[PDB]
Amino acid sequence: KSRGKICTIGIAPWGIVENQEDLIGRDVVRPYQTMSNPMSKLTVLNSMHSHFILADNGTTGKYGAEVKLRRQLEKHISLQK
Amino acid sequence: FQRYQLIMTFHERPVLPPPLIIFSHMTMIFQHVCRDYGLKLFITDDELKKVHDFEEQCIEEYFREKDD
């Protein structure tokens with residue numbers, strides 16, 4: 001209904017995306033599928049987001065790899081002039 | 001509408017006028033034994049991608065304006 005863009009930024013762990021593959025292409029457009037498989041035990045990347053920051057601690061299938069980084073980034077951008 | 005046909009038929013014509021076009025006709029026979037612009041415009045993949053993005057932006061803006 002409206003013009004303009006919203007700078008929505010997602011900070012998600014790398015171990016929860018439904019396709020760890022199909023994204024390894026460096027500086028090249030990689031098609032992604034929004035179809036959700038309930039039996040895949042993971043979740044798809046939410047569309048309608050402008051940018052993503054995929055942080056990994058080396059594990060796969062568990063959270064906790066992005067809360068501290070997100071809080072540190074919020075602290076650093078809060079002090080920005 | 002006919003401006004296009006005029007431009008095309010003078011782009012396809014030889015250089016020398018009909019009083020001295022007989023020279024240009026002999027060279028075609030000699031070259032018988034052997035369009036960057038004016039018709040088309042060839043562009044790279046980056047330019048093609050930018051053109052496609054511009055066209056998608058234009059069509060979505062057109063539909064949004066029509067609905068509003």
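Residues numbered from 1 in each chain as written, not as in the entry; some residues may be left out. Chains lettered and ligands numbered in written order. Part of a larger assembly, values for the part shown. Heavy atoms only, no water.

Method of structure determination, per the deposited record: cryo-EM was used for this entry, reaching 3.0 Å resolution.

**With respect to the overall build of chain A**
Of regular secondary structure, chain A possesses one helix and two strands. Listing the helices and strands of chain A from first to last along the sequence gives β-β-α. On C-alpha atoms alone, chain A measures out to a radius of gyration of 15 Å, which is more than a quarter above the 12 Å that the 2.2 N^0.38 rule sets for 81 residues. Summarising its shape, the C-alpha atoms of chain A cover approximately 45 × 35 × 25 Å along the three principal directions. Counting all 81 residues of chain A, 15% fall into the buried class. As displayed, chain A has an accessible area near 7100 Å², and 56% of this comes from carbon and sulfur atoms. Charged side chains of chain A number 12 positive and 7 negative; the gap between the two group centres comes to 11 Å. (Helix = DSSP H or I, 4+ residues; strand = E, 2+ residues; numbered from the N terminus. Rg over C-alpha atoms; globule rule 2.2 N^0.38 Å. Buried < 20%, exposed > 50% of the residue type's maximum accessible area, 1.4 Å probe, protein only. Areas by Shrake-Rupley, 256 points an atom, 1.4 Å probe, with all protein chains shown as cover. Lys, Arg positive; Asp, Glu negative; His and termini not counted. Charge placed at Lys NZ, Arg CZ, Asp CG, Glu CD.)

**Examining the overall build of chain B**
Across its full length, chain B carries three helices and zero strands. Rg of the C-alpha trace for chain B: 21 Å, well past the compact-globule value of 11 Å for 68 residues, more than 25% over. Dimensions along the principal axes, computed over C-alpha positions, put chain B at roughly 60 × 30 × 15 Å. Out of the 68 residues in chain B, the part that is buried amounts to 6%. Summed over its atoms, the accessible surface of chain B is roughly 7100 Å², and 62% of this surface lies on carbon and sulfur atoms. Side chains of chain B give 8 positive and 13 negative charges; the mean places of these two sets differ by 10 Å.

**Description of the pattern of salt bridges**
One pass over the full model with this rule turns up eight salt bridges over all chains. For the salt bridge of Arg 3 of chain A with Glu 65 of chain B, the shortest nitrogen-to-oxygen distance reads 3.2 Å. Of this pair, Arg 3 of chain A sits in the segment before β1 (9-13) while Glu 65 of chain B sits in helix α3 (residues 45-67), each in a different chain. Accessibility expressed as a relative area gives 49% for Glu 65 of chain B, which makes it partly exposed. The shortest N-O distance in the salt bridge between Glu 47 of chain B and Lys 50 of chain B comes to 3.4 Å. (Salt bridge = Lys/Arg side-chain N within 4 Å of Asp/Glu carboxyl O.)

**Some points on the packing of aromatic side chains**
What the rule picks out here adds up to one aromatic pair over all chains. A cation over a ring is seen here: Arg 13 of chain B above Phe 10 of chain B, with NZ or CZ 4.7 Å from the ring centre. (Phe/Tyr/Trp six-rings, centres within 6.5 Å; stacked < 30°, edge-to-face > 60°. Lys NZ or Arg CZ within 6 Å of the ring centre and 35° of its normal.)

**A few points about a nonpolar patch on the surface**
Residue and element names in this part refer to chain B. A grouping of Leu 20, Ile 22, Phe 23, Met 26, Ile 29 and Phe 30 is seen on the molecular surface, where their side chains present a nonpolar patch of about 640 Å² in accessible area. With respect to the secondary-structure elements, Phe 30 resides in helix α2 (residues 22-30). When its relative accessible area of 60% is taken as the criterion, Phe 30 is described as exposed. (Patch = residues over 30% accessible without salt bridge, like charges linked within 9 Å, V, L, I, M, F, W, Y side chains within 5 Å.)

**Side note on the environment of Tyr 63 of chain A**
Residue and element names in this part refer to chain A. Along the chain, the position of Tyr 63 falls in the loop between β2 (51-55) and α1 (67-78). Distance in space between the C-alpha atoms of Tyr 63 and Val 17 is 11 Å, their sequence separation being 46 residues. If sequence neighbours within four positions are ignored, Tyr 63 has contacts with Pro 13, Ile 16 and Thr 43. (Contact = heavy atoms within 4.5 Å.)

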